[PDB]
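target-v3.cif (mmCIF, N, CA and C atoms) appears below.
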data_upload
#
loop_
_atom_site.label_atom_id
_atom_site.label_comp_id
_atom_site.auth_asym_id
_atom_site.auth_seq_id
_atom_site.Cartn_x
_atom_site.Cartn_y
_atom_site.Cartn_z
N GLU J 11 0.83 -1.21 0.00
CA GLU J 11 0.00 0.00 0.00
C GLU J 11 0.87 1.27 0.00
N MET J 12 0.59 2.20 -0.92
CA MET J 12 1.27 3.51 -0.91
C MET J 12 0.43 4.59 -0.34
N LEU J 13 -0.89 4.36 -0.22
CA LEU J 13 -1.82 5.38 0.31
C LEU J 13 -2.22 5.06 1.74
N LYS J 14 -2.64 6.07 2.48
CA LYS J 14 -3.16 5.90 3.86
C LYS J 14 -4.15 6.99 4.11
N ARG J 15 -4.89 6.82 5.19
CA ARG J 15 -5.69 7.84 5.84
C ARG J 15 -4.97 8.20 7.13
N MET J 16 -4.72 9.47 7.41
CA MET J 16 -4.16 9.92 8.67
C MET J 16 -5.18 10.73 9.43
N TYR J 17 -5.25 10.48 10.73
CA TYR J 17 -5.93 11.36 11.67
C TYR J 17 -4.88 11.94 12.59
N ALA J 18 -4.89 13.24 12.88
CA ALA J 18 -3.99 13.83 13.85
C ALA J 18 -4.71 14.85 14.66
N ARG J 19 -4.31 15.03 15.91
CA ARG J 19 -4.89 16.07 16.76
C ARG J 19 -3.77 16.69 17.53
N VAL J 20 -3.78 18.02 17.59
CA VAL J 20 -2.80 18.80 18.32
C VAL J 20 -3.45 19.68 19.38
N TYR J 21 -2.72 19.89 20.46
CA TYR J 21 -3.13 20.66 21.63
C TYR J 21 -2.07 21.66 21.97
N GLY J 22 -2.49 22.77 22.56
CA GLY J 22 -1.57 23.79 22.99
C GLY J 22 -2.05 25.16 22.55
N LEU J 23 -1.15 25.99 22.08
CA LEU J 23 -1.54 27.26 21.49
C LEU J 23 -1.70 27.00 19.99
N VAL J 24 -2.90 26.55 19.60
CA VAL J 24 -3.13 26.03 18.27
C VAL J 24 -4.34 26.59 17.58
N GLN J 25 -5.12 27.46 18.22
CA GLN J 25 -6.22 28.19 17.59
C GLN J 25 -5.94 29.68 17.66
N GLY J 26 -6.51 30.42 16.72
CA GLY J 26 -6.25 31.85 16.58
C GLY J 26 -4.85 32.23 16.17
N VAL J 27 -4.12 31.31 15.54
CA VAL J 27 -2.71 31.54 15.19
C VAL J 27 -2.45 31.21 13.74
N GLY J 28 -3.54 31.05 12.95
CA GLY J 28 -3.40 30.70 11.55
C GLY J 28 -3.06 29.24 11.31
N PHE J 29 -3.44 28.36 12.23
CA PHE J 29 -3.04 26.96 12.12
C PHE J 29 -3.74 26.26 10.96
N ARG J 30 -5.05 26.49 10.84
CA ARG J 30 -5.79 25.76 9.80
C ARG J 30 -5.30 26.12 8.41
N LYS J 31 -5.02 27.39 8.19
CA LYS J 31 -4.58 27.92 6.90
C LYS J 31 -3.22 27.34 6.60
N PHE J 32 -2.38 27.23 7.63
CA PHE J 32 -1.04 26.64 7.49
C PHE J 32 -1.10 25.17 7.08
N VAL J 33 -1.95 24.40 7.74
CA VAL J 33 -2.11 22.99 7.39
C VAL J 33 -2.64 22.85 5.97
N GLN J 34 -3.62 23.65 5.60
CA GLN J 34 -4.13 23.62 4.25
C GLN J 34 -3.08 23.93 3.21
N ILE J 35 -2.27 24.97 3.41
CA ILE J 35 -1.25 25.30 2.43
C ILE J 35 -0.30 24.13 2.24
N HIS J 36 0.13 23.54 3.33
CA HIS J 36 1.05 22.40 3.23
C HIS J 36 0.41 21.19 2.62
N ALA J 37 -0.85 20.93 2.99
CA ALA J 37 -1.55 19.79 2.39
C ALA J 37 -1.68 19.91 0.88
N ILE J 38 -2.05 21.10 0.40
CA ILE J 38 -2.17 21.32 -1.03
C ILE J 38 -0.80 21.18 -1.73
N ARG J 39 0.27 21.70 -1.10
CA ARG J 39 1.61 21.54 -1.71
C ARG J 39 1.94 20.03 -1.82
N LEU J 40 1.51 19.26 -0.82
CA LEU J 40 1.81 17.84 -0.76
C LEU J 40 0.82 16.93 -1.52
N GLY J 41 -0.20 17.51 -2.14
CA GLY J 41 -1.20 16.72 -2.88
C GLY J 41 -2.16 15.98 -1.95
N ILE J 42 -2.34 16.42 -0.71
CA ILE J 42 -3.17 15.73 0.25
C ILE J 42 -4.57 16.33 0.29
N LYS J 43 -5.59 15.49 0.53
CA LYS J 43 -6.98 15.89 0.57
C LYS J 43 -7.50 15.57 1.96
N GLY J 44 -8.53 16.23 2.41
CA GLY J 44 -9.08 16.05 3.74
C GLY J 44 -9.40 17.40 4.38
N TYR J 45 -9.19 17.57 5.66
CA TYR J 45 -9.57 18.82 6.29
C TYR J 45 -8.87 19.02 7.61
N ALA J 46 -8.83 20.28 8.03
CA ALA J 46 -8.42 20.66 9.37
C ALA J 46 -9.57 21.39 10.04
N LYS J 47 -9.82 21.05 11.32
CA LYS J 47 -11.01 21.55 12.01
C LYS J 47 -10.66 22.00 13.45
N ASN J 48 -11.04 23.21 13.81
CA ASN J 48 -10.98 23.69 15.21
C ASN J 48 -12.06 22.97 16.04
N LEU J 49 -11.65 22.41 17.15
CA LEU J 49 -12.57 21.74 18.09
C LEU J 49 -12.88 22.64 19.28
N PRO J 50 -14.02 22.39 19.96
CA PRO J 50 -14.46 23.29 21.01
C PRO J 50 -13.57 23.29 22.25
N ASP J 51 -12.68 22.31 22.41
CA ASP J 51 -11.80 22.29 23.56
C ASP J 51 -10.55 23.12 23.33
N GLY J 52 -10.40 23.72 22.14
CA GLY J 52 -9.18 24.45 21.85
C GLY J 52 -8.17 23.70 21.04
N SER J 53 -8.43 22.43 20.72
CA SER J 53 -7.51 21.62 19.96
C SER J 53 -7.86 21.69 18.47
N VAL J 54 -7.02 21.11 17.64
CA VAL J 54 -7.26 21.08 16.19
C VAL J 54 -7.13 19.68 15.70
N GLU J 55 -8.04 19.21 14.84
CA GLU J 55 -7.90 17.87 14.29
C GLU J 55 -7.73 17.99 12.78
N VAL J 56 -7.03 17.00 12.26
CA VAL J 56 -6.78 16.89 10.84
C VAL J 56 -7.12 15.47 10.39
N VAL J 57 -7.92 15.35 9.33
CA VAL J 57 -8.20 14.08 8.68
C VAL J 57 -7.67 14.23 7.28
N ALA J 58 -6.84 13.31 6.82
CA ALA J 58 -6.14 13.54 5.54
C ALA J 58 -5.90 12.23 4.83
N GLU J 59 -5.89 12.24 3.52
CA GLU J 59 -5.63 11.06 2.74
C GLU J 59 -4.70 11.39 1.62
N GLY J 60 -3.90 10.38 1.24
CA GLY J 60 -2.99 10.52 0.11
C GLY J 60 -1.84 9.56 0.30
N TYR J 61 -0.73 9.82 -0.39
CA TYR J 61 0.46 8.99 -0.21
C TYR J 61 0.95 9.04 1.21
N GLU J 62 1.23 7.85 1.78
CA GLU J 62 1.73 7.76 3.14
C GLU J 62 2.97 8.66 3.36
N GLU J 63 3.90 8.71 2.43
CA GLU J 63 5.09 9.57 2.62
C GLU J 63 4.71 11.02 2.68
N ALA J 64 3.73 11.44 1.89
CA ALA J 64 3.31 12.83 1.89
C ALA J 64 2.62 13.14 3.18
N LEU J 65 1.76 12.23 3.65
CA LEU J 65 1.09 12.42 4.93
C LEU J 65 2.07 12.54 6.05
N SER J 66 3.16 11.76 6.00
CA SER J 66 4.19 11.91 7.04
C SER J 66 4.83 13.27 7.00
N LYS J 67 5.08 13.81 5.82
CA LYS J 67 5.58 15.17 5.71
C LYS J 67 4.59 16.19 6.26
N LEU J 68 3.32 15.98 6.01
CA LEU J 68 2.32 16.90 6.52
C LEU J 68 2.30 16.81 8.05
N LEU J 69 2.43 15.61 8.59
CA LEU J 69 2.43 15.46 10.06
C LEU J 69 3.59 16.22 10.65
N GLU J 70 4.78 16.22 10.03
CA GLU J 70 5.87 16.99 10.58
C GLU J 70 5.52 18.47 10.65
N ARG J 71 4.80 18.98 9.65
CA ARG J 71 4.36 20.37 9.70
C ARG J 71 3.30 20.61 10.75
N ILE J 72 2.36 19.69 10.87
CA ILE J 72 1.31 19.75 11.91
C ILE J 72 1.91 19.80 13.32
N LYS J 73 3.00 19.06 13.54
CA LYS J 73 3.64 19.03 14.85
C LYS J 73 4.32 20.33 15.20
N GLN J 74 4.63 21.14 14.17
CA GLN J 74 5.30 22.40 14.42
C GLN J 74 4.34 23.57 14.46
N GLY J 75 3.46 23.60 13.46
CA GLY J 75 2.57 24.73 13.31
C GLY J 75 3.25 25.94 12.70
N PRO J 76 2.46 26.95 12.38
CA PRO J 76 3.02 28.24 11.97
C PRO J 76 3.76 28.91 13.14
N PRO J 77 4.58 29.94 12.87
CA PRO J 77 5.42 30.52 13.91
C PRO J 77 4.67 30.98 15.18
N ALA J 78 3.40 31.38 15.07
CA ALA J 78 2.69 31.83 16.25
C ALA J 78 2.11 30.71 17.10
N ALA J 79 2.11 29.49 16.58
CA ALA J 79 1.59 28.35 17.34
C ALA J 79 2.66 27.80 18.29
N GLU J 80 2.19 27.02 19.25
CA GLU J 80 3.11 26.23 20.05
C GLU J 80 2.34 24.94 20.35
N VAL J 81 2.71 23.85 19.67
CA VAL J 81 2.07 22.56 19.84
C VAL J 81 2.69 21.84 21.03
N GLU J 82 1.87 21.53 22.03
CA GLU J 82 2.33 20.95 23.28
C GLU J 82 2.19 19.46 23.36
N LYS J 83 1.26 18.93 22.59
CA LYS J 83 0.92 17.51 22.68
C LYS J 83 0.25 17.12 21.36
N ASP J 84 0.42 15.89 20.89
CA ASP J 84 -0.32 15.44 19.74
C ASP J 84 -0.61 13.94 19.85
N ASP J 85 -1.55 13.50 19.02
CA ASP J 85 -1.76 12.06 18.78
C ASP J 85 -2.10 11.91 17.34
N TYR J 86 -1.92 10.74 16.78
CA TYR J 86 -2.14 10.55 15.37
C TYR J 86 -2.25 9.07 15.06
N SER J 87 -2.93 8.78 13.97
CA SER J 87 -3.07 7.39 13.57
C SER J 87 -3.15 7.26 12.07
N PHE J 88 -2.58 6.21 11.50
CA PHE J 88 -2.62 5.94 10.08
C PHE J 88 -3.38 4.64 9.85
N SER J 89 -4.36 4.70 8.97
CA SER J 89 -5.26 3.59 8.71
C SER J 89 -5.53 3.52 7.22
N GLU J 90 -6.38 2.59 6.84
CA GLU J 90 -6.61 2.33 5.40
C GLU J 90 -7.19 3.55 4.70
N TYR J 91 -6.65 3.84 3.53
CA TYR J 91 -7.19 4.85 2.63
C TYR J 91 -8.60 4.48 2.17
N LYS J 92 -9.48 5.48 2.26
CA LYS J 92 -10.87 5.29 1.87
C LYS J 92 -11.31 6.01 0.60
N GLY J 93 -10.50 6.96 0.13
CA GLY J 93 -10.89 7.72 -1.05
C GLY J 93 -12.13 8.58 -0.84
N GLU J 94 -12.17 9.25 0.30
CA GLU J 94 -13.34 10.00 0.75
C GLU J 94 -13.35 11.47 0.27
N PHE J 95 -12.18 12.04 0.03
CA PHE J 95 -12.08 13.50 -0.13
C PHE J 95 -11.69 13.94 -1.52
N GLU J 96 -12.11 15.15 -1.89
CA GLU J 96 -11.77 15.69 -3.21
C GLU J 96 -10.84 16.92 -3.17
N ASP J 97 -10.74 17.57 -2.02
CA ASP J 97 -9.85 18.71 -1.82
C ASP J 97 -9.47 18.78 -0.35
N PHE J 98 -8.79 19.87 0.04
CA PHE J 98 -8.40 20.07 1.42
C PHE J 98 -9.09 21.31 1.98
N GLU J 99 -9.96 21.11 2.96
CA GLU J 99 -10.85 22.16 3.46
C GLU J 99 -10.51 22.54 4.89
N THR J 100 -11.10 23.61 5.39
CA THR J 100 -10.96 23.94 6.80
C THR J 100 -12.31 24.18 7.40
N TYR J 101 -12.43 23.84 8.68
CA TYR J 101 -13.66 24.00 9.43
C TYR J 101 -13.44 24.59 10.81
#

Translate the structure described by the file into structure tokens.
Amino acid sequence: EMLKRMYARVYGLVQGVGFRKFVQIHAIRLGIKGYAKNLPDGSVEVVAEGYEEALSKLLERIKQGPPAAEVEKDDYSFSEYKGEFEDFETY
């Protein structure tokens, strides 16, 4: 398998810092589809599909965030590609 589905969630100073826009820019550069979403607890989740290597690159960016973010904690999982998405959105 060359494709995967990734789920990731980050905590810390991760909302109001341009995080979703940052993830989207990187996802589009990497050819990844899915979305980034602000959650009510202050965390951000990302659901993404595409080449496993590209998803790993996107995860490295997710772990860092844009310069105004500070990611304190994360979790993530890679599972079977479902072919669910057509672009990369934010919510």

Shortest interatomic distance to residue J:91 - which of J:50, J:21, J:59, J:34, counting all atoms listed in the file: J:59

Test item, helix (DSSP H, G or I) assignment across stretch 31-93 of chain J, answer as a list in words: residues 31, 32, 33, 34, 35, 36, 37, 38, 39, 62, 63, 64, 65, 66, 67, 68, 69, 70, 71, 72, 73 and 74 of chain J

Stretch 63-68 of chain J surroundings by all atoms listed in the file, 6.5 Å radius, close-in-sequence under 5 positions cut, as a ChimeraX atom specification: /J:12,36-37,40,73

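Taken over the shown file, the PyMOL selection byres ((chain J and resi 77-85) around 7) identifies residues 17, 18, 19, 20, 21, 22, 23, 24, 25, 27, 28, 73, 74, 75, 76, 86 and 87 of chain J.
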
J:96, J:58, J:53, J:35 ranked by distance to residue J:16, top pick (using only C-alpha atoms): J:58

Test item: the PyMOL selection byres ((chain J and resi 47) around 7) resolved as a VMD selection string: chain J and resid 30 45 to 46 48 to 49 53 to 57 99 to 101

Separation of atom N of residue J:70 from atom C of residue J:90, in Å and rounded to one decimal: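 Between atom N of residue J:70 and atom C of residue J:90 the gap is 18.2 Å.
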
Which of chain J DSSP labels strand (DSSP E), written as a ChimeraX atom specification: /J:13-23,43-48,54-61,80-89,98-100

Atom CA of residue J:51 to atom C of residue J:97, straight-line distance in Å: 24.3 Å

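In this structure, atom C of residue J:33 sits 16.0 Å away from atom N of residue J:62.
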